[PDB]
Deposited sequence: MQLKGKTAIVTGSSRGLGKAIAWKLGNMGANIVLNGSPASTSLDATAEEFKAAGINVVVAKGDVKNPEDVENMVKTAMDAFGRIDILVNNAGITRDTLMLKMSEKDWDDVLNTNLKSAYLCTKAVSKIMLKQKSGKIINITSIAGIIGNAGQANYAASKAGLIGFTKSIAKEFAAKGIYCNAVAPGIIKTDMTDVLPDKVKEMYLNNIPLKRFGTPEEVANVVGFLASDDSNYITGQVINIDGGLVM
């Protein structure tokens, strides 16, 4: 389909949002590099599920907050598929390290390969003051990277989800759930699939000529 013969790396893709994003890209025809902890019980199961659905998938085990694991991830992608068309960066000190620093390291490593291709899409997914600074940081980073690599044909955009349906939100007390729901103009939580569909758009040719942008998927919040 839309991403036939392309390779997408999705960080933090063993479960939840990352898995849904990788699932959508896989079903658009992309070769998938899943990423997660070596200690993940779900990582291997997820890969087998993808393969059974007809998605070509390799697994890079490690923590993308560490340079050595980032290098491994890139090497397993290249060994498997020989190219990287799409990087999805999905993931006080611990907060800025987890979200923002992983995005920085992965972008730095993958950009080397995208520059040789003269092609590539980098899509950053955003995750109180610690989170706010990290989120805004990732957006500024996005816009900076977009500006820097625009001349070379490489895209960088961000997706900023509002409140998305999780295992936690499902078990929310009805009163605390109604308080959040009442603060969202659309009066419902978003879904992992909706976020995945927006990343699908940003990965496809349908989003050509869009760079340095943030798409808020938050129900008008």
task: Write out the missing regions of the deposited sequence in sequence order, one range per stretch.
output: 92 to 106, 143 to 151, 246 to 247
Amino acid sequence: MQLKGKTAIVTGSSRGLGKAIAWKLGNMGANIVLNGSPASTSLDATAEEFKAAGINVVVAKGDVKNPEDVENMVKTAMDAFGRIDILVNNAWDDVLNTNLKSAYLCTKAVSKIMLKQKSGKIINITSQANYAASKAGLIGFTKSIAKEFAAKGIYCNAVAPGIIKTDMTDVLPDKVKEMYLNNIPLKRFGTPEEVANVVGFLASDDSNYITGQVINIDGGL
From here on, numbers count along this sequence of modelled residues.
message: If you take the mean CA temperature factor per stretch, which one wins between 141 to 149 and 94 to 102?
response: 94 to 102
Mean C-alpha B-factor comparison - 174 to 182 and 25 to 33, higher one: 174 to 182
field: Deposited CA B-factor, highest of 195, 154, 158, 43
entry: 43
message: By the recorded C-alpha temperature factor, relative to the other modelled residues in its chain, which third is residue 190 in?
response: lowest
task: Would you please rank residue 2 by its C-alpha temperature factor against the other modelled residues of its chain and give the third it falls in: lowest, middle or highest?
output: highest
- prompt: Where does residue 134 sit by CA temperature factor within its chain: lowest, middle or highest third?
  reply: lowest
CA B-factor placement of residue 127, once the chain's modelled residues are sorted into thirds: middle
- prompt: residue 115's Cα B-factor: lowest, middle or highest third of the chain?
  reply: middle
